Amino acid sequence: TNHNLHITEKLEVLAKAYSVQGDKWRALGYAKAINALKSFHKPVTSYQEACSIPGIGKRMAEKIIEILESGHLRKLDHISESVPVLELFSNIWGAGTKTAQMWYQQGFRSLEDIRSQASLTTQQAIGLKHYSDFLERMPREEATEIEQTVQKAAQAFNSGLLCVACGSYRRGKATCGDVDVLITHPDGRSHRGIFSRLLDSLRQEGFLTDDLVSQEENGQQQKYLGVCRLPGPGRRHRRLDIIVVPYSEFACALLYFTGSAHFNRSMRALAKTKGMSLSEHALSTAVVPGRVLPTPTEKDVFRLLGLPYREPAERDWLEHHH
DNA sequence: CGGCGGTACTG
DNA sequence: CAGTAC
DNA sequence: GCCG
Ligand SMILES: Nc1ccn([C@@H]2C[C@@H](O)[C@H](COP(=O)(O)OP(=O)(O)OP(=O)(O)O)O2)c(=O)n1
Ligand SMILES: [Ca+2]
Ligand SMILES: [Ca+2]
Ligand SMILES: [Ca+2]
Ligand SMILES: [Ca+2]
Ligand SMILES: [Ca+2]
Ligand SMILES: [Ca+2]
């Protein structure tokens with residue numbers, strides 16, 4: 001299926017390295033080239049053929065060709081030595097390239113240096129203590145029991161509450177990095193004030209163990225990023241994301257929350273090219289705030305952008321099956 | 001050459 | 001506002 | 001990094 005496997009593996013390394021150094025546009029560039037190579041019907045066999053692929057230009061073609069002929073990629077041996085440490089530090093939830101570079105420059109080089117000498121935000125402290133647990137993907141079946149816990153706790157307050165698991169779960173993957181749950185209510189109104197009760201309920205039975213992003217002073221809070229752990233011996237702590245949205249926002253919220261990330265960016269870049277704006281809240285149309293278009297279902301958003309409905313399993317990348 | 005998704009917490 | 005996150 |  002990926003006929004250029006030996007090429008993409010090497011470019012992924014290089015893309016990683018730019019990403020942890022904070023060269024994000026260049027990393028975006030690699031990421032699209034790499035998907036395009038995976039999606040190509042045959043091995044690339046010439047430079048010309050490489051440039052012809054959207055997402056691939058002069059610089060990426062040379063690397064693709066160098067690799068194709070010579071079997072290795074030179075630049076992979078001139079990667080800064082800081083990269084693996086920068087990666088290490090960036091893998092802490094709540095620390096990004098800036099914090100990882102500040103740590104590097106303060107001279108830390110391991111997690112233990114971080115534990116014992118770095119200054120950590122509240123979030124980073126939690127990311128650090130659960131570093132290994134958050135690095136491991138969970139089986140699809142564990143993700144299902146996380147979703148059911150949230151759903152059961154919500155339906156004890158109001159049985160009409162609709163809870164669905166999105167992200168990679170809804171796109172069909174066998175493992176999940178974290179669970180993303182979207183809650184709404186078809187009556188348009190009873191989603192309001194839910195978090196207070198739902199969080200209190202999930203903390204009571206011991207399920208939520210730490211909160212990362214949760215502005216609980218707000219009665220209209222709409223999101224929760226935190227940490228859960230299923231009951232039973234030896235369970236790992238997992239990342240859970242919950243959003244609560246009004247039903248009139250359901251189609252746009254579902255789309256957003258299903259992702260993938262890269263899919264959502266391309267969908268939003270597309271909408272902007274047609275003088276519209278796509279968010280988690282709405283598809284909007286004047287936009288010089290413009291007006292919301294009605295979108296009762298995901299199908300409507302796709303139609304209004306001139307695309308065919310894409311099944312969640314096929315929402316890895318927009319430009320994929322094209 | 002400049003733009004590259006749009007939004008929401010934290011401090 | 002910068003940083004990080006989804 | 002690539003694209004318009
Ligand atoms: N930058 C981002 C990140 C995420 N998203 C949307 C919103 C979010 O709900 C959905 C899933 O993102 P996550 O980061 O949870 O990634 P996945 O579920 O695809 O994969 P994994 O958890 O199995 O590793 O994708 C997005 O618009 N923009
Ligand atoms: Ca091209
Ligand atoms: Ca991080
Ligand atoms: Ca997530
Ligand atoms: Ca996820
Ligand atoms: Ca809080
Ligand atoms: Ca440039």
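Chain letters run A, B, ... following the sequence lines, proteins first, then strands; residues in each count from 1. Every heavy atom of this structure was used, including side-chain atoms; hydrogens, water molecules and symmetry mates were not.
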State whether the distance check finds a donor on one side and an acceptor on the other, under 3.5 Å, for side chain A/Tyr256 versus base C/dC6. yes
Just call it for A/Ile53: base, sugar-phosphate, or nothing, with non-hydrogen atoms closer than 4.0 Å on any strand. sugar-phosphate
When all nucleic acid strands are considered with a 4.0 Å heavy-atom cut-off, which category describes A/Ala31: base, sugar-phosphate, or nothing? nothing
Return the nearest nucleotide to the side chain of A/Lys272; candidates are C/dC6, D/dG1, B/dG6. B/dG6
Rounded to whole Å, please give me the gap between CZ in A/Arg315 and P in C/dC6. 20 Å
Using atom CG of A/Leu255 as one end and atom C1' of B/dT7 as the other, report the distance to the nearest whole Å. 15 Å
Quick one: A/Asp23 CG to B/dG3 P, roughly how many Å, whole number? 17 Å
NA contact type, A/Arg59, heavy-atom cut-off 4.0 Å: base, sugar-phosphate, or nothing? sugar-phosphate
For A/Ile243, answer base if it contacts any base atom (sugar-phosphate contacts may also be present), sugar-phosphate if it contacts only those atoms, and nothing otherwise; contact means non-hydrogen atoms under 4.0 Å. nothing
What is the nucleic acid contact for A/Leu240, judged by heavy atoms within less than 4.0 Å: base, sugar-phosphate only, or nothing? nothing
So A/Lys58, base contact, sugar-phosphate only, or nothing? Heavy-atom distance under 4.0 Å. sugar-phosphate
Rounded distance (Å) that lies between atom P of D/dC2 and atom CD of A/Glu62: 9 Å
Within the sub-3.5 Å range, which N or O atoms of nucleotides 9-11 of chain B have a protein N or O partner, and how far apart are they?
unit_1: B/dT10; atom_1: OP1; unit_2: A/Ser214; atom_2: N; d: 3.0

Side chain of A/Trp93 - closest among C/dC6, B/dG5, B/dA8: C/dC6
For a quick check, tell me whether the side chain of A/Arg268 and the base of B/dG6 share a donor-acceptor pair closer than 3.5 Å. yes
d(OH, A/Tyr30; P, D/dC3) in whole Å: 14 Å
Atom-pair distance (CZ on A/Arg26; P on D/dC2), nearest Å: 9 Å
Just to be sure I understand the rule, does A/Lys24 reach a base, reach only the sugar-phosphate, or reach nothing, if contact means heavy atoms closer than 4.0 Å? nothing
